[PDB]
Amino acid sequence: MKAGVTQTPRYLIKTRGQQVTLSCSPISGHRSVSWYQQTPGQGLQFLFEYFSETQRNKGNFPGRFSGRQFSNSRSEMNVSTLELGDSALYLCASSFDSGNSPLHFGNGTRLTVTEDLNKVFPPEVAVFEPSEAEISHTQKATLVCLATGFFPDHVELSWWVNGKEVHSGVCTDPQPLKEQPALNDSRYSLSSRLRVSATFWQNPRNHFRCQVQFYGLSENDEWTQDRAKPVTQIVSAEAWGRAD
């Protein structure tokens, strides 16, 4: 298969005042590259569009938001003097011609700007094994995975059964819950379910794993707290089937 729009990096945590540079590579054959900022509060806001190395159109952002395009159509954007309200999904879209051809979006760079890196925590992850009553009543077995206490919300949760990623029988919450809803820097929790037949759960050779990838601090971020540095990492929990 051919590449879609690509964006690098995927996830960023920064402190106030810092700067970031983001990159986007358009689909091969697309020369128009556009940037958008998506926030819960303002929705989806145009930054600027490039074609053949020059800015063709611009939105209403202040000058600390800047962009550029290279001869191979790759585009960068930069945000200087970062502020808490700059936390957003920064989306790239490519098009053959934005005037008359569809926009094709990347999956974005997720940026969180925080007051202090001591606010950053990886998830704790646990799997809870099925109810005996569910198994007797329905001949089905639901496992729950909880990922709790994380900040920022830069997580990807997945289920693996005997080493294979599964989507059948899974449902993961679309958004996390705030553990302390009143606070701007509240930590988050996320739940997911995996449901299998009772017969499948009852085989002790079947192995279940809930994986949470957490995207955290860089090796270049200073860390002087006693607790472990909250670097990018996977936190996982597992179970095996049980005959009784």
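For every residue, the number given is its place in the sequence shown, counted from 1.
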- prompt: Taking the recorded C-alpha temperature factors, which stretch has the higher mean, 141-149 or 112-120?
  reply: 112-120
- prompt: Comparing 188-196 with 35-43, where is the mean C-alpha B-factor higher?
  reply: 35-43
statement: Comparing C-alpha B-factors across 235, 24, 12, 228 in this entry, the winner is 228
- request: Place residue 83 in the lowest, middle or highest third of its chain's C-alpha B-factors, as listed in the PDB entry.
  value: middle
task: Within this chain's modelled residues, let me know which third the CA B factor of residue 209 belongs to: lowest, middle or highest.
output: lowest
- line: Of the three thirds of Cα B-factor ranks in this chain, residue 156 occupies the lowest
- prompt: Within this chain, which third does the Cα B-factor at residue 70 fall in: lowest, middle or highest?
  reply: highest
- prompt: According to the PDB entry, is the CA B factor of residue 172 in the bottom, middle or top third of its chain, that is, lowest, middle or highest?
  reply: lowest
